[PDB]
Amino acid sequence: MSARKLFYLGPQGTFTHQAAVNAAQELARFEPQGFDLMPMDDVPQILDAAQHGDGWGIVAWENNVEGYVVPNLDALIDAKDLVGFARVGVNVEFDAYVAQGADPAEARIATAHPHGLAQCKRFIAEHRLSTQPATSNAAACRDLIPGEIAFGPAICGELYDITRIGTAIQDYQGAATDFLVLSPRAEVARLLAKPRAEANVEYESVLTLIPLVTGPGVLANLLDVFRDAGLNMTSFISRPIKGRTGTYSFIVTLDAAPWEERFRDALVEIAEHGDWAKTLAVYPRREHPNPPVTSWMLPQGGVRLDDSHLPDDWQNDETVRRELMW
């Protein structure tokens, strides 16, 4: 009858804690009696407790500015019995805090994890603060005393007796981390019985593929399979297999559920070629902004030709030579 435990990277107040709160909200219907959010010291302990069946884990997956959390990716790849079934986002915003009762004019020190101080340079500038490092942004907000300002997640203001003096004060606008919720596979299959039965098309999957061949053409031959099946991808990365340099796996995120016939037929083809395959996550399809190509702002330099009216002798232009280095 107990609350479903949701294990996240501690301590209390981290962005991963916020992710757990968000997850508990979106997943409320799966666990009517609610969730018990439990901080853990690290990610391997989270996976272990999830895989033992004590509850669900939530782990940072991808940030749009910093990329994948590669150790988490690698750990999920090699888990014996976990799969992702929800993907939740947390905007990376830092608030500024003082110890309750402390006067902000008297703060001379900014405290946060060094990566947090790096994201709040302007604020530190504008307030003439020195910097002191903390083990985490959250620990900084926990340990606040007068004469300091801590930078941390919005959630810290809920958890500790601290006074918010600044909201979303970080330099960069628009960074966000996505997190996956993880559970043993049989449990998830059951949770997915209805959409699987309804052949619901509104799902995304994350898949790892290892063609057991090397050399030119291996990835092209693989991806032709997804093309010919009409499967759209939204993220792709190559990784070594278990840190071994010179080995190659591929992790794809696609706009399909593995029960869809086109997906099924792709995987049959890939598996019958001998490639190793594993589905790492299946979760409801997020709605992607689709800014049109004609509105895409391209990076500086580079070569771009008008495909319907090509320039003459374009291959020898000095600027082309520079950008392509040929």
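One rule holds for the numbers: they count along the sequence shown, beginning at 1.
> Once you work out the mean C-alpha B-factor for both 103 to 111 and 88 to 96 from the entry, which is higher?
Comparing averages over the C-alpha atoms only gives 103 to 111.
> Compare the mean C-alpha B-factor of 222 to 230 with that of 127 to 135 as given in the PDB entry, and name the stretch with the higher value.
Higher mean C-alpha B-factor in the PDB entry: 127 to 135.
> Which one of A150, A199, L82, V206 shows the biggest C-alpha B-factor in the PDB entry?
Comparing C-alpha B-factors across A150, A199, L82, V206, the maximum falls on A199.
> Sort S249, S235, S183, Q119 by C-alpha B-factor from the entry and give me just the highest.
Among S249, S235, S183, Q119, the PDB entry lists the largest C-alpha B-factor for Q119.
> Based on the deposited C-alpha B factors for this chain, I'd like to know if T279 is in the lowest, middle or highest third.
Lowest third.
> Could you say whether, by C-alpha temperature factor, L76 belongs to the lowest, middle or highest third of its chain?
Its C-alpha B-factor, which the entry lists for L76, ranks in the middle third among residues of this chain.
> Select lowest, middle or highest to describe the third in which the CA B-factor of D178 falls within its chain in this entry.
Lowest third - that is where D178 ends up once the chain's C-alpha B-factors are sorted.
> In terms of the chain's CA B-factor thirds, is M1 lowest, middle or highest?
Answer is highest: the recorded C-alpha B-factor places it there.
> Report the third (lowest, middle or highest) to which the CA temperature factor of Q170 belongs, ranking only the modelled residues of the same chain.
As the PDB entry reports it, the C-alpha B-factor of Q170 lands in the middle third of its chain.
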